[PDB]
Structures are given as structure tokens and as C-alpha cells.
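Q: Handing you a structure now.
No Cβ is skipped: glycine too gets one built from the backbone with ideal geometry, and neighbour counts run over all protein chains shown. What follows draws every value from the coordinates through simple rules; no lab data is involved.
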Amino acid sequence: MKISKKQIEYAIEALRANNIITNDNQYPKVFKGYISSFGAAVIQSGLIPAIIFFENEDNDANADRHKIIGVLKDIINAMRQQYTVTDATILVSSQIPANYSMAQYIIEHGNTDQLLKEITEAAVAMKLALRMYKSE
Amino acid sequence: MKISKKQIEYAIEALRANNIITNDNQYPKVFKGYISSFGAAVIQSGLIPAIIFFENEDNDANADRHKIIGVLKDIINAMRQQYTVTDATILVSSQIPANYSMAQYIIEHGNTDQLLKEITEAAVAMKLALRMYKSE
Amino acid sequence: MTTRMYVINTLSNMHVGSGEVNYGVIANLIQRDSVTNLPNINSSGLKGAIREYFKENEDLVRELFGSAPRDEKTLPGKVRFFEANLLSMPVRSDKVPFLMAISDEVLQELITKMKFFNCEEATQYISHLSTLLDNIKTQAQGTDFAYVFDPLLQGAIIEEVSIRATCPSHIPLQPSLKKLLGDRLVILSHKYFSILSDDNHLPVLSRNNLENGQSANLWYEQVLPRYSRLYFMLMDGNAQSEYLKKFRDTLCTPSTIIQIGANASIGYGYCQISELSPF
Amino acid sequence: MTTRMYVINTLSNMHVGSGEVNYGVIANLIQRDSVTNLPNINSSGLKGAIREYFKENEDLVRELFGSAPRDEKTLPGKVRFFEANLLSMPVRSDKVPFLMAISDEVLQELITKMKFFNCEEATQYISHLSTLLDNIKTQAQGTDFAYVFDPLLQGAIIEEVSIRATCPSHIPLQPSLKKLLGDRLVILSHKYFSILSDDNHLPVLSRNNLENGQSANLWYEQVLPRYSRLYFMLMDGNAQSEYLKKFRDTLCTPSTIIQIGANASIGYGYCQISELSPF
Amino acid sequence: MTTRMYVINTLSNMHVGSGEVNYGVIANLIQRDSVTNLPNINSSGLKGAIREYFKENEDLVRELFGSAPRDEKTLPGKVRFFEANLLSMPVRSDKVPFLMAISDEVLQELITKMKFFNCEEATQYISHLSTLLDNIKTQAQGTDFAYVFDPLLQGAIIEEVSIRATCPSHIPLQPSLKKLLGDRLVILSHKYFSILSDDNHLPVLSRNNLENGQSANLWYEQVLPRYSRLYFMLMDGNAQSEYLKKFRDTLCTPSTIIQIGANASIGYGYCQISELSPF
């Protein structure tokens, strides 16, 4: 496992797009813990349980916790955008619909290893990209 | 990777400049491990993840681990100076702005081959120059 | 008398830590083979662990493993230790607590290694393992498969809902092969085995450091599951017969447990080493 | 009859030290080619290892390799040992555990070396290799390529360089070329192979020395992956036919394993030597 | 018939011992020209190598090279060998494995030496080389340069000195100049060529002597990278037409390989001599 600079760029763009990094290049402190907990849940419980937990918006948490799932979808979409025709025959290169539920997308597409690898890549990229910024 | 004396002097000046060596020629003992581990992190994780890890200032580290990234930038900038400027030279003798963090610079300027070589040599110079001082 | 195959049966979880900075979830990962990316014990670590076990017998260690790092004279090691490649990994199921998971490519690598190195009892093992491999390939016809050799273990979920077991009632599993590879044996396609043996599916253990009852650190550790089987080759050099016999007798006794890897004080990596039984 | 090509099939991870002070992460580096910067074995190391294997037959080593370093008389060696250049290297894949990677420039170098030296079976190999290379150049049309010759390996990924191998249906792979270049063979551009074979992508292993459970040292070793293939030329001088025939028979016997490089006691650098098969 | 230029075109790594006192690390260093500090082979070395190749032809050796040492007949040699100067050297690149590096000063020295010796069929060569050099100087305009002659090879990186090779689309390279100076040819300043061929940049190899696993001795050797091109002038005195013809044909035959250098048994210094062609 080695995270590419392109993945970090996608993570930065997605964090800015789903209103996580402010215009002052700062983020709420709880999102680092959110991302670490998501990684731990993914490895321990599974993709479906972790994505279902962090896709919730009725959660009374201290911040908009679904934003990391939105950033995940944005990173995966950007990754699938740069897929080659050689890759498109083996990998599912389709862009994940924006309104579509990420957990529902995973479930309807089985539980393929491709989605798990993409989720793990994007989670580590989110971790590093958040580490690049300051936490106020 | 032979010892480059000029890079050693650059490392000495940068270590003094980024408040690592005290007025009495001593440094926090943990910085030895920081310098030693940075090269391994670059080799076996990637340059961007290693820089992001060592540039973070929200760390639970015994000292200011981010000072080594500033020293690295100072050594790299000193090497960009005294570059033989000619039409055929591959090396970009453009100095890294102080306002830009090191992680952003490699992200925005996507010619990592020069940056990787410079960062590796600067880290070797760092480790070799840290040995002139007391390991308190 | 020269080359021997030994099976490592781990009585607890094993962590042979690689020197790796992972910035994802698992801070400490285990060593993986440079080619097949399967968990393995580096020959240096195995030699160090076995030498540590025999440290009391100065003569045996000096003659078989070599001289100590701090010595005026250095003595070349006589016995050659090869890296311990993974053979069987327990996989969680629904019908049974755990099955012993092997892959067709792992079996191919084992047959190739036995052919190349000429183990002591290699001929019959090579013949029967080969025959089993052609039978499995004939049945599979390219598609992914999970083949068990007990009719009771049919439809078992091999750690993943996608991987369901079926019993091919044409492939006999000989008793000696069962002894070598494990009791409840499932042979998987390489896709299935690599899915089951990757960094997202290997067992992980959570650890934290407390300071006066309050947590200071928190990290995740990757371990090789308990009762896993790894095989390594031992080459007798020009070593003395007496020391070699003592070493083999001590290594292959049921009361000998060797610590391999990290976290010795908390029980990680206690193993039993068994010589390749005659077929 | 003078010049024959021998292929080195490594059974373990090989480390041939270069004696270069790195001052960086990887203190111990492996030897690399003078011109192509590919991993290689110096002919001195090859000669020393093969002499060490044949040290029991004192007459044969005196006749072929020459006199011992301490000997009142000096006798020049009759056999010419050429440096072993990397032919194919194992690269991590997803469909299969690993692929046999070769670059078009490595193939061009092989063709050039066979033309210059005129190996025993050079003509047919040069003809078929040139046809393969011309077909590859026609198919690629100057772009970056990754071509596999089994239709089942289409879309196989190279892990270090995140590309997937295509299947050019127009190009045949002759069985003797498969036996020479390795099974599950992928041919890719020089850029891809150079990235796959640089210092950052070769297997680097962490090692330490423990003193009463406390770590005394720490260093990193890089190795050439197991199952790598290397080729070298063997030119016989006015060597006696009897000793030459015994040498070839013992060297190419499947029971013969030669240790080239360092870390012998931990099973590093064990290889098999085979001749160029008739086409 | 009076003076012919010959090109060496080494197939392996050359080590010609300078035999001089050492101030430094490398115990064995290669010969260099006193004035230009460029790698060179002494005329004595060339004569010895070619004489050893033709030793089985007693009459040819006696007629061309003369009497053997400690022979009482005292026969001088009818052929005069001139010092071999380094023409082209391989240089690491990124687009291609290596590049053929010829410096403008070596080209000027080649033109000057061709005019001085009045080499056979050298008039057209001198004229075209002078046109090439004049066009190069016109394009350079006094600045350091790196010029390639293939549109594919434009933008190649010389790793050691970090200069990008541009393609001058206004200068022609005639086919005979490609045959002489080499394939994948880059023309650079002597400032860079001196750095590329100094003692810190050309390959240095560590070599060992082992005694039952104990390192008896240690030293370092430096070698000239393979595929290097060196040129020397042969003054064929008015000798027998038949022996001169046989020697020229044997030398030019692509089946010939001549060993000039030290480490013969480990394949150092094997070369293919070719004479100047028309144009």
C-alpha cells in the first residue's frame, strides 16, 4: 500500500468540496477522529457496517459526520474517472451517482473487493490530507 | 550517496536556523530518531505521506517534530541556490516559498524526481550533521 | 540427510513485524513474502529465535548457528535456515469454528519447492500433491472454487458469504496429506485465498497504553492467526552428526515450544516445529 | 561449442553486496550493471560460488577455475565466466501470484549479446526473438505497453506500476521462448521495467541484532526477488573435454543448487543453472 | 595500406592495470592518458592482446609482431601499434538504457589525429566530421550542449550530470558516422565528459577473498563500462600482403573476440575490432 499524490489531490479537492476544510484552510477537530474511527470500523466490522454508521445524518453528533462519506464518494469518483480502457474491462469504472446511497451502491453491487480497496485507499488519503491541514 | 560537504554545511545552518540546536551545542534527543526515521518513511511509504506525517503540528510527539521539515526546506533551498543555470540543466533552481508548506509544494509542482532526490540527500546530510552536537 | 522440511504449528498468534510505516489503520504489519505477498517468517528471524532457544548449549549453538556477534573470531554457520512460507491459515466458518485454508498456487509452490530442494520424504508427497492438484484443476475448469474433503462441511461460509464450499466427490485426500495440511482442509482459488489473506482480512488486535488509568496511545497490530502452519527448509551443512541429532531431537519433541517474532512477554508467536513425517 | 548461455533460476532471495557506503536508509545494496543499471552478479562472485560448490573435486577446480589463492605454483583458469545480467524478474500481480517481467530493451540486449558471442543455439533464438520484438514494436507503435501472451492473463495488474497488461493476439510466444524467459511472462516498456527494478521498488528487508532482548543495531537489506532469472555466458578455453563434460553435467543436474551472494546461513541466493535448450 | 583506423567496441567491462602507486580507496585503477586524463589502452597492451589471439599462427605472429621474449633470433615487428584513445563511452539515461557519449573535444582530437596520420580513406571522414563539428558549434553558440540525433531520443537525461539532450533539427548525421561513433549517440561538452569518465563516476567493484568463510583479503577494482568504444591507429609497414590480408580479415571477422585487459577468467576486456570503412 502506497498512497499516490493524485489520491491526495482528490482527497484535498473533496474535503474542500464537501465543506470540511474552511476557506481559511482549517477543519473541525472531530473529523480526524471520525476518519480514524471509520478506518478502524472498516477493518474490524466490515464495509457495510462502517459505511452505514458513517452515512447516518440523524446522529446527534458534534458535526456533520456524513461529510466523510461524501468525500469518500468524491474521491472514488475521481479515481474511477482516470481508469483506462484496459482497467474498465476488469474494474467497474462507472461514476457513482451523487444522490445515490453509498451503502446501497455497495450492496447492490455485491461486496466486491474492488469497492473495499477503493474505500481503503480513499480513507487513507482522507487521513493524510486532513493531517496536511490545521485543526481549529 | 557520498557525503556532500556543502550539503553538510547547509544542514548545520538550517539546524541552527530552525531552533533545533541550542546556544549550548545540544538538541532534544528525540530528533535523532526523527531524522533516522524520515528516510525510511520516504522509502517505504512514499515521499508525500512521509512529508505529511513529519510536517504535522498536531502530533503527540515529545518535541516539535515539524522543525525537521523546515530544516529540510532550508537545505533544499540552499541547494537550489548555487545551481549552474543553463538551458540544458534539468534541475529547477526555483526557491520554495516560506508561506507554502512542503507538502503543498510537491503537490502543486508535480516533478517529484528532482524533489525526491533532493529530499533524500538533504535527509542524509541532516542525519550526518546532527552527530556534531550533544544528544541531550 | 541434507535438506529437510519442517512445519511450524503456532500455538498462539504470531507477529513477525516488518519494518514498515503504514499510515493507514494498521500501525504494525507482519512480514510478507517478497514474491507471493503471503505472510512469512524471514530466515534471519527464524534463525535468531531457534538460536535463542538453544543458547544454553554453547557448543551446539557455536557449531550449528555460528559465532556470537561479539567475538574475536567469527565462525560461519553450518546449518542453513530458509524462510518459513505460509502453508495453511485458519479461516472462520459457520459450520465449523475454523478450517485450514490452502490455495492451488500455494500447493503449486510447495510442489515446486519440494522438487527443487529434494526434501527427505519428498517423492511420495510430490506425487500425491500433484495428483490432487490435477484433480482439482480438472474439476474447477477455470472457475473459482472452494473444495472441502468432508461431506459434512458442504455449503460452509469460508470467512466470506461469496466463498461457499462444495465437496467434489472424486478427489481423495490421503491421511498423510491431512496430517501435513491440517484436519479440516479447504482448498481455494488464488483469488479467494488472496482476498482472505490480504491486509484488509488478516486478524487485527487493538492495543492501547494507559497512564494512571487514562489512555495515552492507541494502535492496531496485525497478527498471523493461531494454529497457522508455515513450512521452512533446513539444510544440514558439514555439521557434526551428534550436534545435529541433538538439535533435531530437541526441535521435534512435543514439549519444545519456540518463540518467534515480537511481543514475547504477552504470548505472541509460540510455535511447535514438526519434521516431515514419512508418507 | 566455446560459448554457451546458462540461465540462473534463483530459488531464494539473492543478496550480492556491492561494497558501497550508502549513508542512507539501505546500508546494504545489491550489485547493479555498469551500463544498464539492472541488478546483476559480478563474474567474480559467480566464479567464486561455482568454485566453492566444486571444491571437493580438487582436480576439476584446478583444471577449470585455476590454482587456489595460496599456492606455490600459479595456474590461470581456463573457463571464462561472464557477468550474470538480469533476464526476467518476478512482479506482483492480482490474477496470478506473480508475473515474469522483461523489457523490450532487455530483449534487445539479449539479441545483441547472442549475436556478438554466438551462443551454441544462438541462430534460432535470435530469429524468433527478433520476430517477437518486431511484432511488439509494430503493435505498440511507440507507446507504453504491457503485453501478456496467455489470454487468461489479460488485464493482470502490476502492483508497483499500476498498469494492466494487454493481450496482443497477433504475436505468438514459442514454447522455447516460454522456457527461456519464464512462465507467465509479461513484456513491458523500458520505463516500466526501470521503475520496477529501481532501489525504491526492490524488496528491502529490515534486520536488527538483539543483546539479551535489547536491540543493538538496525539496518536495511535489499534483495533480488526469489524466482528471478539471470543469464551469463560461459566460454571454455583449451579446457579438457573430460573435466568440461563433468562440469556441465554437474552444473545442469536438477539436483545441483549453488549459493551465490551473502547471507548463506539464512538461505539467500540458492540458484539452479541450466543451459540454453535447443530450439 | 599505410595507416588504418580501428575501433575496439568492447563487449565486457575492461580493466587495464595502470600499475601506478595508489593514493586513495580503489586499489586497482585503469590506465588514463597523461595529458587528457581520459581512459586509454597502451600500445603494448593492444599488441599483447592481439599477439595472444594470433599465437597459434606462428608465421603470422613472427611476421607482424616479431620475436617472442627470451628468443635469441631478435626479430622486430613489421606492425606498429598506436595508443588506443577513448572515443565513445556508455552513459546512463532514462529514455533508453544507455547513451553513446562523444565529446566535442574528442571529436576534434579524432579529426586532428586523422589529419596527422593521414589515415586510409580518412579524407571524406574528416570533411564530414568537420561539417558536423562546425554545425554543432554554430548551434551551441558557446554554451554547454547535449545533442542527440534521433527525434525519439530528444529530452534524454544524462543522470550523472543532469543535462537534457536536445535534438538539433538542422544538422545531419551520415550513416557512416553512426557506424563509427555508435548508436544512440549524444554529443556533449568535454566538461561533462570529464565528469562522466573520472574516478568517482566510472564503475568501482568490491572484490573478496574467502577462506572457509573468513574474509582473507579485501580490495576494490575500477573498470571501464562495457560497450565503450576506443580507437587506435595501425601503421601497416610494407609487409607481406598475404599475412596482412589474413590478419585484417581475421580481425574484421564478426566471429573474432579479443581480450584486452586483466581479469580474463571473469570475462573482462573482450572486444571486437573493426577497421574504418569507406566514406
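Q: Any idea which of (1) facing chain C (nearest Cβ under 9 Å); (2) closer than 16 Å to C:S44 by Cα; (3) surrounded by 15 or more Cβ atoms within 10 Å (Cβ to Cβ) is the one D:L218 doesn't satisfy?
A: The single condition D:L218 does not satisfy is (3).
Q: D:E109 fails exactly one of the following numbered conditions: (1) touching a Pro at 6+ places or on another chain (Cβ under 8 Å); (2) more than 10 Å from chain E (Cβ to nearest Cβ). What is the number of that condition?
A: Going through (1) touching a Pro at 6+ places or on another chain (Cβ under 8 Å); (2) more than 10 Å from chain E (Cβ to nearest Cβ) one by one, D:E109 breaks only (2).
Q: Scanning for something surrounded by fewer than 18 Cβ atoms within 10 Å (Cβ to Cβ), touching a residue at least 40 places away in the same chain (Cβ under 8 Å) and more than 10 Å from chain C (Cβ to nearest Cβ), does the stretch A:110-130 turn up at least one residue?
A: Taking every residue of the stretch A:110-130 in turn, none turns out to be surrounded by fewer than 18 Cβ atoms within 10 Å (Cβ to Cβ), touching a residue at least 40 places away in the same chain (Cβ under 8 Å) and more than 10 Å from chain C (Cβ to nearest Cβ).
Q: Restricting to the stretch A:78-100, give me the number of residues that are in contact (Cβ under 8 Å) with a residue 60 or more places away in the chain and over 13 Å from the mean Cα position of the chain (by Cα).
A: 1
Q: Report yes if some residue within the stretch B:57-79 is within 14 Å of chain D (Cβ to nearest Cβ) and either farther than 24 Å from A:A125 by Cβ or in contact with a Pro (Cβ under 9 Å, 6 or more places away or on another chain) (or both); otherwise report no.
A: Applying the first criterion (within 14 Å of chain D (Cβ to nearest Cβ)) to the stretch B:57-79 yields none.
No, the stretch B:57-79 contains no residue that is within 14 Å of chain D (Cβ to nearest Cβ) and either farther than 24 Å from A:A125 by Cβ or in contact with a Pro (Cβ under 9 Å, 6 or more places away or on another chain) (or both).
Q: Tell me whether the stretch C:2-20 contains one or more residues that are under 30 Å from D:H201 (Cα atoms), out of contact with any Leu (no Cβ under 9 Å at 6 or more places or on another chain) and within 12 Å of chain D (Cβ to nearest Cβ).
A: Within the stretch C:2-20, not a single residue is under 30 Å from D:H201 (Cα atoms), out of contact with any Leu (no Cβ under 9 Å at 6 or more places or on another chain) and within 12 Å of chain D (Cβ to nearest Cβ).
Q: With the condition kept exactly as written, say whether any residue in the stretch D:191-206 is in contact with a strand residue (DSSP E or B) (Cβ under 6 Å, 6 or more places away or on another chain), within 25 Å of C:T36 (Cβ to Cβ) and acidic (D, E).
A: no
Q: List pairs: first in the stretch D:17-29 and within 19 Å of E:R207 (Cβ to Cβ), second part of a loop (DSSP other than H, G, I, E, B) and of a type in the set (S, T, Y), Cβ under 7 Å, 6+ apart or cross-chain?
A: Matching pairs, first to second residue: D:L29/D:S18.
Q: So C:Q108 passes all but one of these: (1) touching a helix residue (DSSP H, G or I) at 6+ places or on another chain (Cβ under 8 Å); (2) farther than 29 Å from C:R51 by Cα; (3) crowded, with 21+ Cβ neighbours inside 10 Å. Which condition number does it fail?
A: Result: C:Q108 fails condition (3) only.
Q: Kindly list, by first and then second residue, each pair from a residue in the stretch E:93-109 that is without any contact (Cβ under 8 Å) to a residue 60 or more places away in the chain to a residue that is crowded, with 23+ Cβ neighbours inside 10 Å and not basic (K, R), limited to pairs with Cβ atoms under 7 Å and residues at least 6 apart or on different chains.
A: Pairs that qualify, where the first residue is without any contact (Cβ under 8 Å) to a residue 60 or more places away in the chain and the partner is crowded, with 23+ Cβ neighbours inside 10 Å and not basic (K, R), are E:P97/D:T36.
Q: Among the listed residues A:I68, A:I75, A:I48, which satisfies the condition of being touching a residue at least 60 places away in the same chain (Cβ under 8 Å) and surrounded by 20 or more Cβ atoms within 10 Å (Cβ to Cβ)?
A: None of the other options fit; the residue is A:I75.
Q: Since B:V30 meets every condition but one in (1) away from chain D (no Cβ under 11 Å); (2) buried (at least 21 other Cβ atoms within 10 Å of the Cβ); (3) of a type in the set (V, I, T), which condition does it not meet?
A: All conditions pass for B:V30, except number (2).
Q: OK, next. Any residue in the stretch D:79-94 that is closer than 27 Å to D:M235 by Cβ, in contact with a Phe, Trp or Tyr (Cβ under 7 Å, 6 or more places away or on another chain) and more than 14 Å from chain E (Cβ to nearest Cβ)?
A: There is at least one residue in the stretch D:79-94 that is closer than 27 Å to D:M235 by Cβ, in contact with a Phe, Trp or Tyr (Cβ under 7 Å, 6 or more places away or on another chain) and more than 14 Å from chain E (Cβ to nearest Cβ).
Q: Here's another thing I want to ask about it. Among what's in the stretch C:221-231 and is in a loop (DSSP other than H, G, I, E, B) and crowded, with 21+ Cβ neighbours inside 10 Å, pick the residue that is farthest from the chain's Cα centre (by Cα).
A: Here the residue is C:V223.
Q: What's the number of the condition B:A88 fails, among (1) hydrophobic (A, V, I, L, M, F, W, C); (2) in contact with a helix residue (DSSP H, G or I) (Cβ under 7 Å, 6 or more places away or on another chain); (3) surrounded by fewer than 21 Cβ atoms within 10 Å (Cβ to Cβ)?
A: The single condition B:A88 does not satisfy is (2).
Q: More than 14 Å from chain A (Cβ to nearest Cβ), of a type in the set (S, T, Y), touching a residue at least 12 places away in the same chain (Cβ under 8 Å) and not in a loop (DSSP other than H, G, I, E, B): does that describe C:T250?
A: yes
Q: Kindly indicate the residue of the stretch E:73-91 that is β-branched (V, I, T) and in contact with a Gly (Cβ under 9 Å, 6 or more places away or on another chain) and also surrounded by the most Cβ atoms within 10 Å (Cβ to Cβ) among those meeting that condition.
A: From the stretch E:73-91, those β-branched (V, I, T) are E:74, E:79, E:91; that's our starting set.
Narrowing further to those that are in contact with a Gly (Cβ under 9 Å, 6 or more places away or on another chain): E:74, E:79.
Working: E:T74: 7, E:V79: 19.
Selected residue: E:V79.
Q: Moving on. Select from the stretch E:118-155 the residues that are under 22 Å from E:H190 (Cβ atoms) and among the acidic types (D, E) and write down the one among them that is farthest from the other protein chains (Cβ to nearest Cβ).
A: E:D134
Q: Quick check on the stretch D:260-279: of everything there that is out of contact with any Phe, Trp or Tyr (no Cβ under 8 Å at 6 or more places or on another chain) and at positive phi, which residue is farthest from the other protein chains (Cβ to nearest Cβ)?
A: Out of the qualifying residues, it is D:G269.
Q: Please specify each residue of the stretch D:38-72 satisfying the condition of being more than 12 Å from chain E (Cβ to nearest Cβ), surrounded by fewer than 19 Cβ atoms within 10 Å (Cβ to Cβ) and not aromatic (F, W, Y).
A: D:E56, D:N57, D:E58, D:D59, D:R62, D:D71, D:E72, listed by residue number.
Q: Kindly evaluate A:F38 against the criterion of being within 14 Å of chain C (Cβ to nearest Cβ), touching a helix residue (DSSP H, G or I) at 6+ places or on another chain (Cβ under 6 Å), aromatic (F, W, Y) and in contact (Cβ under 8 Å) with a residue 12 or more places away in the chain.
A: So A:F38 fits the description; yes.
Q: Name every residue in the stretch C:60-72 that is more than 23 Å from C:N9 (Cα to Cα) and in contact with a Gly (Cβ under 6 Å, 6 or more places away or on another chain), in order of residue number.
A: Residue satisfying the conditions is C:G66 alone.
Q: Now a separate question. Consider the stretch D:232-247. How many of its residues are more than 19 Å from the chain's Cα centre (by Cα) and either surrounded by 14 or more Cβ atoms within 10 Å (Cβ to Cβ) or in contact (Cβ under 8 Å) with a residue 60 or more places away in the chain (or both)?
A: 9
Q: Determine whether E:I30 is buried (at least 18 other Cβ atoms within 10 Å of the Cβ) and within 14 Å of another protein chain (Cβ to nearest Cβ).
A: yes
Q: Which count do you get for residues in the stretch B:116-136 that are among the acidic types (D, E) and assigned to a helix (DSSP H, G or I)?
A: Adding up the residues that qualify gives 2.
Q: I would also like to ask the following. Sort out which residues of the stretch D:137-156 are assigned to a loop (DSSP other than H, G, I, E, B), polar (S, T, N, Q) and surrounded by fewer than 12 Cβ atoms within 10 Å (Cβ to Cβ), and write them in order of number.
A: D:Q141, D:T143
Q: Inside the stretch D:30-46, can you point out the residues that are in contact with a strand residue (DSSP E or B) (Cβ under 6 Å, 6 or more places away or on another chain), small (G, A, S) and touching a residue at least 40 places away in the same chain (Cβ under 8 Å)?
A: D:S43, the sole residue that qualifies.
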